[PDB]
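A.B. asks: One structure coming up, written as structure tokens, with questions to follow.
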Amino acid sequence: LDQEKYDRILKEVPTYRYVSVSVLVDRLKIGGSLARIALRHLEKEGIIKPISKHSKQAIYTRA
Amino acid sequence: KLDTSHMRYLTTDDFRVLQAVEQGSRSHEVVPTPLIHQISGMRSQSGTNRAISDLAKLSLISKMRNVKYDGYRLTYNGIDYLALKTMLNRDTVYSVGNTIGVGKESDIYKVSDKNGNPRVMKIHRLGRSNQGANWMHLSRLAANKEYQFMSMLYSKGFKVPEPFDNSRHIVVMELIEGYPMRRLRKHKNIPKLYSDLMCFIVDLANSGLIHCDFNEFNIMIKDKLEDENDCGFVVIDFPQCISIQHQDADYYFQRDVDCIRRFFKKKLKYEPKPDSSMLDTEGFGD
Amino acid sequence: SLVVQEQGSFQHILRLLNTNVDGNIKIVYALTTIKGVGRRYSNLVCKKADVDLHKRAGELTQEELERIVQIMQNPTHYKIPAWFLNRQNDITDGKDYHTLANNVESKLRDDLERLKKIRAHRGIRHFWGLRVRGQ
Amino acid sequence: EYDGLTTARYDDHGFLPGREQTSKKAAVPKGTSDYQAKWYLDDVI
Amino acid sequence: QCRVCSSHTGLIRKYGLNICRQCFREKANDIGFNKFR
Amino acid sequence: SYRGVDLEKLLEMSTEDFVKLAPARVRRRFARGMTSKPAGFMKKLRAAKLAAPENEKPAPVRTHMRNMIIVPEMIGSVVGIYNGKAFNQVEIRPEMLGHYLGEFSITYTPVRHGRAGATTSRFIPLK
RNA sequence: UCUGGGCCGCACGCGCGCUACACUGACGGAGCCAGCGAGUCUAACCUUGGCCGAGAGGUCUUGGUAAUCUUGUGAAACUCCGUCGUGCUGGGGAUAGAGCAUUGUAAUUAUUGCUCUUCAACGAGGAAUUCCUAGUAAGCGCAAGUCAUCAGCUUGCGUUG
Ligand SMILES: [Zn+2]
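Protein chains in written order, with PDB author numbering: chain Z, 42 to 104; chain l, 2 to 129, 145 to 302; chain S, 2 to 136; chain k, 365 to 409; chain d, 20 to 56; chain P, 16 to 142.
Next up, the structure:
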């Protein structure tokens with residue numbers, strides 16, 4: 042079941058604009074720990090860009 | 002407060018004098034010494050003075066002398082006592098007292114009869145004390161109108177208990193071996209009682225009575241048997257009732273239905289499968 | 002860190018030591034479901050065996066389950082010392098043990114009937130309370 | 365009659381007749397006061 | 020105890036003084052405790 | 016058993032070796048000291064033990080302290096313990112070790128609440 | 001005088017409070033800021049520092065009879081970085097058992113502290129009701145009295161506000 046949710050994260054990230062862990066779990070798809078692992082893998086990838094980082098909230102921008 | 006052990010210190014002449022005080026205090030504002038001496042119709046000044054001193058040291062009659070005007074003043078406990086004597090003349094109260102539940106305007110004790118059956122009581126202390149006449153008169157009339165409400169609710173086949181008497185503002189009720197849902201935990205046949213508890217709202221509103229404070233603390237559930245678990249639902253919402261002709265009954269009715277569905281979805285986790293009883297069908301039902 | 006996802010090979014509801022566990026929460030808090038094992042004891046049991054606890058319990062293999070089960074009955078050999086255990090210096094045999102989910106109730110019933118046949122105040126107080134609030 | 369009276373003849377002006385259903389059951393360990401025998405065989409209906 | 024009036028109630032035990040409060044409230048000025056604020 | 020130890024060897028060692036097999040409360044109680052009157056208590060205890068008929072119960076030793084740790088030289092003895100008012104004749108069995116004597120001696124009859132007939136009848140008279 | 005029990009025993013009502021029902025949060029690391037105080041003799045108080053122990057704490061010494069030492073009371077709430085995702089959950093911590101320590105002559109009706117386990121009700125509370133107009137409400141800890149040991153008791157202090 043891994044490849045289709047790979048496609049869901051790699052499709053959902055270039056659609057909407059502002060990303061946090063709460064916004065990832067408001068896609069009714071993913072858990073919050075896996076939302077952070079997708080956030081850190083996406084920061085290593087480079088589709089999103091950082092704006093502000095904090096341990097509770099972290100907003101991003103689609104690029 | 003009320004300490005009921007002290008009225009058996011009194012003789013026959015003492016509550017005869019107390020009956021003279023309550024007879025003379027309902028014609029004028031303050032009754033003096035010679036109206037108690039004359040209205041009582043008893044022989045001596047000495048016995049009147051001894052009975053008045055007996056009520057004074059038991060804090061039942063307050064001595065007041067406001068510049069050459071001797072007079073006496075009834076407190077709460079003396080009129081509680083004489084109401085319980087005229088309840089004793091109606092040969093039913095015999096032995097009184099365990100405080101279970103202290104309300105704002107009505108305090109609940111635990112009484113018995115000559116037969117020894119378990120009963121309770123409802124006193125009415127309006128203002129608790146700057147005693148006049150309006151407080152105790154309003155307590156008396158409130159007790160009277162809730163006695164007619166109580167008899168009318170018991171006479172129409174409801175699960176509302178039996179009244180006996182309305183002796184001034186002292187109201188004597190039957191004890192019910194019942195538990196609230198604070199104590200109650202789980203029941204076998206929850207949809208049958210939910211059917212009974214919407215049917216209670218239906219025939220109250222068909223009678224035209226709207227009980228408003230219909231929280232979890234209202235319902236008292238009697239356990240008649242321990243092997244078959246027979247049940248009875250006792251509802252105490254007597255001063256908060258409103259008539260069907262009032263203008264604000266709509267949010268009262270949906271508040272009652274909303275509270276019973278939220279309390280039965282919270283504790284017992286039971287959901288209503290039929291729809292909620294709405295106001296207009298019950299309005300045409302009365 | 003890095004996302005690693007696998008096509009299948011995770012189980013929703015598992016069962017270990019005749020007790021049911023669920024494979025979507027982490028290993029420690031799937032092991033809080035069984036009785037007699039809490040959080041800290043399960044942390045110590047799993048962190049002895051070099052188990053990564055950041056990952057979840059759905060990708061637990063059988064060789065991890067067998068070594069956890071092998072930790073359970075004799076923790077004293079593998080540097081899990083005396084003060085972490087529930088059975089400590091018992092009156093029956095004088096050794097130390099960690100009681101399991103079908104053995105906590107045998108321990109509790111053994112303590113209560115032992116207090117009964119001792120006829121201590123604790124025992125007669127507890128059985129009088131049970132026989133009175135039960136009735 | 366005065367034989368079957370738990371209290372004195374004051375019931376016209378005093379108490380209620382108090383019922384004392386004495387459920388006496390004997391537990392036998394060898395040598396026991398009334399307190400422990402009262403703690404052993406309490407039955408609530 | 021309070022060595023003024025045989026007081027077995029209302030003691031203050033600070034500084035090894037053991038006076039009751041109802042005797043301290045009139046002997047405070049002779050000791051040195053004066054009402055300032 | 017006490018520590019996995021068979022009982023007949025446990026009957027014949029001294030108090031210090033019981034302390035070496037004791038829990039922490041018993042060792043802390045031993046570590047400060049006793050008064051002299053339990054020596055007379057154990058003297059009259061073994062005096063009543065030595066006059067016992069064979070295969071029967073020994074003479075009762077009426078005890079009164081409720082704070083003493085059980086030390087098993089009185090295995091087989093029967094004692095009557097004061098509660099403050101009366102005596103409870105309790106025999107010592109070897110499975111009650113590590114315990115105070117006062118937990119065999121209750122202090123009150125229990126609080127009864129499931130009796131509505133006796134409660135209703137005894138209210139204060141209102142006349 | 002001597003012992004032994006209590007005043008805490010529990011269907012319960014009333015009242016003053018504590019902790020919570022959570023993600024402005026629970027947990028793990030790091031940043032770290034106070035003031036009102038108080039402290040021992042013909043005794044043993046406040047305790048610095050070093051060893052042991054998971055800890056509770058023990059032990060060996062030293063300072064202060066005090067703006068000097070505890071103490072700069074490096075307090076907590078807080079700040080950041082990671083774990084948890086709305087699931088009576090990892091919230092909550094009632095109850096209960098086992099062991100180890102400390103005070104007390106004596107701890108059972110468990111004095112108190114530590115370790116593991118048990119993880120109970122309780123999804124912002126009805127009728128009604130308490131207090132309050134600026135460093136003030138509220139949250140938060142600390143000090144002093146009760147002190148032999150613990151506070152949820154009281155009075156003050158300080159932090160954020
Ligand atoms: Zn004095």
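Ideal Cβ placement from N, Cα and C applies to all residues, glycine included.
Using a Cβ-Cβ cut-off of 7 angstroms, state whether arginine 373 of chain k counts as contacting chain P.
C.D. replies: Translated into positions along the fourth sequence, residue 373 of chain k becomes position 9. It does not: the Cβ of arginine 373 of chain k has no partner Cβ on chain P nearer than 7 angstroms.
A.B. asks: What separation, rounded to the nearest whole angstrom, lies between the Cα atoms of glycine 59 of chain S and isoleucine 26 of chain S?
C.D. replies: Position 58 of the third sequence, counted from the start, is the residue given in the question as residue 59 of chain S. Position 25 of the third sequence, counted from the start, is the residue given in the question as residue 26 of chain S. Straight-line Cα distance between these residues: approximately 8 angstroms.
A.B. asks: Hey, is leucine 405 of chain k's beta-carbon within less than 7 angstroms of any beta-carbon in chain P?
C.D. replies: Position 41 of the fourth sequence, counting from 1, holds the residue named residue 405 of chain k. So no, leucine 405 of chain k is outside the interface.
A.B. asks: Residues near ligand 1, CB to any non-hydrogen atom under 7 angstroms, in chain order?
C.D. replies: Qualifying residues, in the order they occur: d:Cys21, d:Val23, d:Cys24, d:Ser26, d:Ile38, d:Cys39, d:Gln41 and d:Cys42.
A.B. asks: Strictly below 9 angstroms CB to CB, what residues from chain k border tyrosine 163 of chain l?
C.D. replies: Translated into positions along the second sequence, residue 163 of chain l becomes position 147. Correct list: empty, because the minimum Cβ distance to chain k is about 26 angstroms.
A.B. asks: Would you list the one or two residues that DSSP bridges to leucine 75 of chain l?
C.D. replies: The count along the second sequence starts at 1 and reaches residue 75 of chain l at position 74. Per DSSP, l:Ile62.
A.B. asks: Which same chain residues end up closer than 8 angstroms to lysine 49 of chain S when comparing Cβ atoms and leaving out the 5 residues on each side of it in sequence?
C.D. replies: Taking the third sequence and counting its residues from 1, one reaches residue 49 of chain S at position 48. These residues qualify, in order along the chain: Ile72, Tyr79, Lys80 and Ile81.
A.B. asks: Run the CB neighbour count on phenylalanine 33 of chain P, radius 10 Å, all protein chains shown included, and call it buried at 16 or more, exposed below.
C.D. replies: Within the sixth sequence, the letter at position 18 stands for residue 33 of chain P. Classification for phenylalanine 33 of chain P: buried.
A.B. asks: Which first and last residues belong to the beta strand (DSSP E) in which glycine 95 of chain P is found?
C.D. replies: Walking along the sixth sequence from the start, residue 95 of chain P turns up at place 80. Element bounds for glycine 95 of chain P: 93-97.
A.B. asks: Exposed or buried, which one is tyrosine 366 of chain k when buried takes at least 16 other CB atoms within 10 Å?
C.D. replies: Counting from 1 along the fourth sequence, the entry for residue 366 of chain k is found at position 2. Burial call: exposed.
A.B. asks: In three-state DSSP terms, what is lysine 108 of chain S?
C.D. replies: Residue 108 of chain S sits at position 107 when you count from the first residue of the third sequence. Three-state DSSP puts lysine 108 of chain S in a helix.
A.B. asks: Figure out for me which residue from l:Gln46, l:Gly79, l:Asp181 and l:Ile192 has the closest Cα to the Cα of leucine 3 of chain l.
C.D. replies: Counting from one through the second sequence, the residue named residue 3 of chain l turns up at place 2. Considering only alpha carbons, the answer is l:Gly79.
A.B. asks: Does the stretch 90-101 of chain Z come close enough to the stretch 29-43 of chain l that 3 or more CB-CB pairs lie under 8 angstroms?
C.D. replies: The stretch 29-43 of chain l, when compared against the stretch 90-101 of chain Z, does not touch it at the 8 angstroms Cβ threshold.
A.B. asks: DSSP three-state call for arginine 130 of chain P: helix, strand or coil?
C.D. replies: The sequence position of residue 130 of chain P within the sixth sequence is 115, counting from 1. Coil at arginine 130 of chain P, not helix or strand.
A.B. asks: At 8 angstroms on the CB atoms, spell out the chain l contacts of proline 140 of chain P, in chain order.
C.D. replies: Within the sixth sequence, residue 140 of chain P is the residue found at index 125, counting from 1. Chain l residues near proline 140 of chain P: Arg9, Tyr95 and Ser96.
A.B. asks: Return no unless some Cβ of chain S is closer than 7 angstroms to the Cβ of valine 408 of chain k.
C.D. replies: As a position in the fourth sequence, residue 408 of chain k is number 44, starting the count at 1. So yes, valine 408 of chain k belongs to the interface.
A.B. asks: Keeping to the same chain, check which residues put their C-beta closer than 8 angstroms to that of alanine 63 of chain P; ignore five residues upstream and five downstream.
C.D. replies: Within the sixth sequence, the letter at position 48 stands for residue 63 of chain P. Closer than 8 angstroms at the Cβ level, and outside the excluded window around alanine 63 of chain P, lie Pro73, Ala74, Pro75, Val76 and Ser92.
A.B. asks: Tell me the rounded alpha-carbon separation between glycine 224 of chain l and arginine 129 of chain l.
C.D. replies: Start at 1 with the first residue of the second sequence, and residue 224 of chain l comes out as number 208. Start at 1 with the first residue of the second sequence, and residue 129 of chain l comes out as number 128. So the alpha carbons of these two residues sit roughly 33 angstroms apart.
A.B. asks: In this structure, what does DSSP give as the bridge partners for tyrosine 110 of chain l?
C.D. replies: The count along the second sequence starts at 1 and reaches residue 110 of chain l at position 109. Per DSSP, l:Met122.
A.B. asks: Can you give, in chain order, each stretch of the alpha helix (DSSP H) that sits fully within the stretch 17-63 of chain l and has at least 4 residues?
C.D. replies: Taking only runs of at least 4 residues, the alpha helix (DSSP H) segments lying wholly in the stretch 17-63 of chain l are 34-40 and 46-58.
A.B. asks: Which ranges would you report for the beta strand (DSSP E) in the stretch 44-107 of chain S if only whole runs of at least 3 residues count?
C.D. replies: Correct list: empty.
A.B. asks: What residues in its chain sit with their C-beta under 6 angstroms from that of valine 41 of chain P, if we drop five residues either side in the sequence?
C.D. replies: Here residue 41 of chain P is taken as the residue at index 26 of the sixth sequence, counted from 1. Excluding positions up to five away in sequence, the list reads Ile84.
A.B. asks: In chain order, what residues of the stretch 218-230 of chain l put their CB closer than 7 angstroms to some CB of chain k?
C.D. replies: Residues: none.
A.B. asks: Is it buried or exposed for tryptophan 84 of chain S, if we count other Cβ within 10 angstroms and need 16 for buried?
C.D. replies: Reading the third sequence from its first residue, position 83 is the one you call residue 84 of chain S. Per the 10 Å Cβ criterion, exposed.
A.B. asks: Give the straight-line distance between the Cα atoms of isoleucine 276 of chain l and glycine 104 of chain l, rounded to the nearest whole angstrom.
C.D. replies: The residue labelled residue 276 of chain l in the question sits at position 260 within the second sequence. The residue labelled residue 104 of chain l in the question sits at position 103 within the second sequence. Cα-Cα distance, rounded: 23 angstroms.
A.B. asks: Let me know the secondary structure DSSP gives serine 96 of chain l once reduced to three states.
C.D. replies: Your numbering for residue 96 of chain l matches position 95 in the second sequence. Strand, per DSSP.
A.B. asks: In the DSSP assignment, what are the bridge partners of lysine 94 of chain Z?
C.D. replies: Walking along the first sequence from the start, residue 94 of chain Z turns up at place 53. Its beta-bridge partners are Z:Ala99.
A.B. asks: Rounded to the nearest angstrom, what separates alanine 159 of chain l and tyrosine 10 of chain l at their Cα positions?
C.D. replies: Within the second sequence, the letter at position 143 stands for residue 159 of chain l. Within the second sequence, the letter at position 9 stands for residue 10 of chain l. Taking the straight line joining both Cα atoms gives about 28 angstroms.
A.B. asks: Pull up the DSSP beta-bridge partners for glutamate 118 of chain P, would you.
C.D. replies: The count along the sixth sequence starts at 1 and reaches residue 118 of chain P at position 103. Beta-bridge pairing links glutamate 118 of chain P to no other residue.
A.B. asks: Mind checking the stretch 127-138 of chain P against chain l and listing, in chain order, the residues whose C-beta falls within less than 7 angstroms of any C-beta there?
C.D. replies: Within the stretch 127-138 of chain P, the qualifying residues are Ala131, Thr135, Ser136 and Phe138.
A.B. asks: Of all the alpha helix (DSSP H) runs that stay within the bounds of the stretch 39-73 of chain P, which reach a length of 4 or more residues?
C.D. replies: Segments of the alpha helix (DSSP H) lying fully in the stretch 39-73 of chain P: 39-45 and 52-65.
A.B. asks: Helix, strand or coil: how does DSSP classify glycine 73 of chain Z here?
C.D. replies: The sequence position of residue 73 of chain Z within the first sequence is 32, counting from 1. In the structure shown, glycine 73 of chain Z sits in a helix (DSSP, three-state: H, G or I).
A.B. asks: Do you know offhand how far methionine 294 of chain l's Cα is from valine 176 of chain l's?
C.D. replies: Taking the second sequence and counting its residues from 1, one reaches residue 294 of chain l at position 278. Taking the second sequence and counting its residues from 1, one reaches residue 176 of chain l at position 160. The straight-line gap from Cα to Cα measures roughly 23 angstroms.
A.B. asks: With DSSP as the reference, label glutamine 104 of chain P as helix, strand or coil.
C.D. replies: To locate residue 104 of chain P, count along the sixth sequence from 1; it is residue 89. Strand, per DSSP.
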